[PDB]
Each structure stands twice: as C-alpha cells, then as structure tokens.
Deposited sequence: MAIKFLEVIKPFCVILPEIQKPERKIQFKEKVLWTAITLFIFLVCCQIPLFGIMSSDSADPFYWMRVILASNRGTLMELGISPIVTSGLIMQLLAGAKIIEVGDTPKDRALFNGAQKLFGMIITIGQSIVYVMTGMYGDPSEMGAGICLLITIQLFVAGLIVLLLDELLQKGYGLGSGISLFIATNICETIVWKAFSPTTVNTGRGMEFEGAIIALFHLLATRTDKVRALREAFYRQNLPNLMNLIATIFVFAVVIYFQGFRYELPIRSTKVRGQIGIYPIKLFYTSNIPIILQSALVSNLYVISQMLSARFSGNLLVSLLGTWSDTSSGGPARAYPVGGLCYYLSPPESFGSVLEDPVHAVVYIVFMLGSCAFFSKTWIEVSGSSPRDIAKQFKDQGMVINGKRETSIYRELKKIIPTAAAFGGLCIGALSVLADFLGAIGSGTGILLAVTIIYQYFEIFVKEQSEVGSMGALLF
C-alpha cells in the first residue's frame, strides 16, 4: 500500500464526528443525503445526443440505484465496486493510520473503476455513436460521471462515519424503490389515448375516472384492472406483500444467553428467520441482472450463435433460453399457459436464495462456529445448556435458520412477482428489509438511551 499512499492522500475524506450524533440529527442527515442523491438522479448529463436506444443496463437500474442519462447513471456502483475490489484484494493478500490508508485505497480504486465504467457506458452506444459525440463530449460525460461517483462515495462516507443511519447502498436502493412505487401510485403524468386523459398514477387515475366518467362502476373496474398503466390491484398487492414481509421479518429465535465472565446480565440473543437480511435477494438479483445484460449484448452483437441462443432470446423481455427461465412470469395467466417455466422459475428462485443465504453465513462470519467463538470471547453461555454445547445448539439453529430465511425471502419475491405488485419482488423485499434495518437502528438507539 506504500506505492498508493501519495494517490490515497489526494481525495476528500469525511471527518469523524467529535461527539455521537443524536438519532434525530442522523435522520436529518440521512434525509439530506437521500435528497442530494435524488436531485442528482433527476439531472441529465450534458452532451447527450439521443436516448432513443434501449437501455443495455436496464436490469441493473434497481440493484445499482441507477437512472439512465442522469448524474447517477452509475448509481451506487462506486461503493459496491470499491467494496468488492478491496475484499478481493484482501482475499489475494495484496491489500491490508491503517484505516485511513485503507479508506484512501478503496476510494482510489472505486474512482478508477468509476472512470472505467463511464468509458464502458459511453462505448455501449447508449448516448449515440461515440464517433459522432466526439472526444470532447465523451470526456465531458466521463468527467460528470467521475465527479458524480466522487459525490456518491462522499455521501456513503457521510452515512457510514456517524452522520447517517447506515450505508449508501441500502439507503439509495430503498429510496429508488420507494420513489418508483410512489410515482406509480401518484404520478400526474397523463397518457393520452383514444379514450382521453389517463394519469399514470393509480390513485390519481382512480380519482379522475370517478370524477369524470359517467358510468362509475366502469370507472372503478377500469381503475382497478388497467392493463396499460398501474392498477389499484397492483398497489393493493404491494401493500399486502409489504405486510407479509413485515410479519415474516419479525420472526426470531430467542436464545436465553447467560454470562459467565461477569454475572447477573441475563439476556436474549435473537436468531432471526431472515438471518441474512436481503443478501440472498441482492445476490440473486445481481446474478440475474448481470446475466441479462450479458445476454442482451451477446444477442445484439453475436446473433445467431447456438450458445447465445441457449443463453437467452429476446423480443425487451426474454422469450427463450436461460434468461427466459430466470424471469418472473408476466401474469398468472402466463403461469397457466406455460407451467414448466413457472416451476423452473420458482425452483430457481427458492434454491438460489437458500444457497446464497447459507453461503453468505459461511462467508460473512455469521456461521455457527463464528457465533460460538463470539460467545466464548464474550464469556456468554445458553441458560439451559453448557459452555461446550453452545456450538451444537448454534449448529442446530443458525444453518437451518439461514436456509429457511433464504427460502422464505425467495418465496416472498415469487409471490410479489405473481401478484403483479408494484416494484416487483426484488424491489419490495429490498425496500422492506432496508426500512427494517433502519427501524432496528432506531430501536437500538432507544434501548441505549
């Protein structure tokens, strides 16, 4: 890391708070951070010749909190990429005052890959032929995306240094999902057609149809079963899935942990059903989105190849190949028409989520062996058990808890996709889990006070 310090000391850093910021002020700073992120999401880049082409990275716009043709086109890619690069370098033993140097290195690597990602996005023909834009326009777009990625990194540091209530990744993903749901609920954008004005928001459309149309029953049924714009059934399904995920996320196994090193601090260690909070969903969505974008690029460039055809076949939704069986069915009638695809999708979702959950407990350090080591270090024992049988109890509970939590969160995603809820299964599950993380932070701060 000694060859990188001069370049590690040239980027801005957030100073740690002297005191411990109160919960109210941390909420205010989280609101300010998400406001800045949204405002930048709504501001287009300069130099855009045309955005008529289909978005190649349309499937990453939810897991990366991105927005095409704007200052947060790359979304939270700086944070995610810097974290993964630093973790991979730690695995390769290359990477290792130490905290400040580590943060500087992660910022520098994230910004380098932000430049690379801006180059890739420009060269994808997203904004037009790069030859037609020219070196000046491409460089301006790269500079804007570079500075925006710097701002994203600074906002994540603001959140994670004690000014905010978490990480930029979760906050921005949940913010974009909630924005999408509220937009589909309350959009004033009217879509004129043969009938007339039709607000793109379901509730505004309901009010408009009730106020204008003479046949009130026809207006209600239309507003509930629109097939061109958001439904009211879609919001009803979104609320129902919200409630179900909220119910299933409060499940926990309460271990009565006692203390041996220091006596008289009887407590409870909760092993949640959702042991890995939305990590299976994040991993599954990242896998499927990367497969989707790779298949779309391969179909665009290398069309007619056998391996490309089996990888995916697009119309832009997949119609055949691996990417088709990895896609939620369009509706329940689609499930009825093709049951084999529905079964394959359900099995893939459940199995992938369960596998990702167990792999993540084995990787992130929440395995039963790791929890037993934590108990030994803190001198904690189970109330009705021994100190040598703690690992056996954790092996009974935690692995099954992680596997079934992944299974249940995948099942909830499948249910939300089948119900046609606004924001799909990934969006709803991610939003609910992130808001529950924020609620857990709130209750932890209250218990501390």
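Several segments of the deposited sequence are absent from the coordinates, namely 1 to 5, 102 to 106, 326 to 334, 469 to 476.
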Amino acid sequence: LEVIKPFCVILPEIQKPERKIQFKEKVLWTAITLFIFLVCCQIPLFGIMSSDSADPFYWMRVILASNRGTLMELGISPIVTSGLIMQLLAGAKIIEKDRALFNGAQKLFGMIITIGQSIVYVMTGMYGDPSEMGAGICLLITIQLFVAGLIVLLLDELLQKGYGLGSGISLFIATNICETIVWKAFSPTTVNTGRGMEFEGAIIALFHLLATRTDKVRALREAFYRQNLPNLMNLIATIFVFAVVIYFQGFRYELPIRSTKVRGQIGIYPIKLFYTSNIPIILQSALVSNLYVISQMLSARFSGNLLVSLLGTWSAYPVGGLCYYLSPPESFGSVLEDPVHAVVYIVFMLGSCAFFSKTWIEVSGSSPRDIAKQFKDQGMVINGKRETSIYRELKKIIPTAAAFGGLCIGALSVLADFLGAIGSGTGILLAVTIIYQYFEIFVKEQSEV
From here on, numbers count along this sequence of modelled residues.
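Of the other compared PDB entries of this protein that include residues on both sides, all give residue 107 atoms, none of them, and so not a third, leaving it without.
Looking at the other PDB entries for this protein, residue 214 is absent from the model in a third or more of those that include the residues around it.
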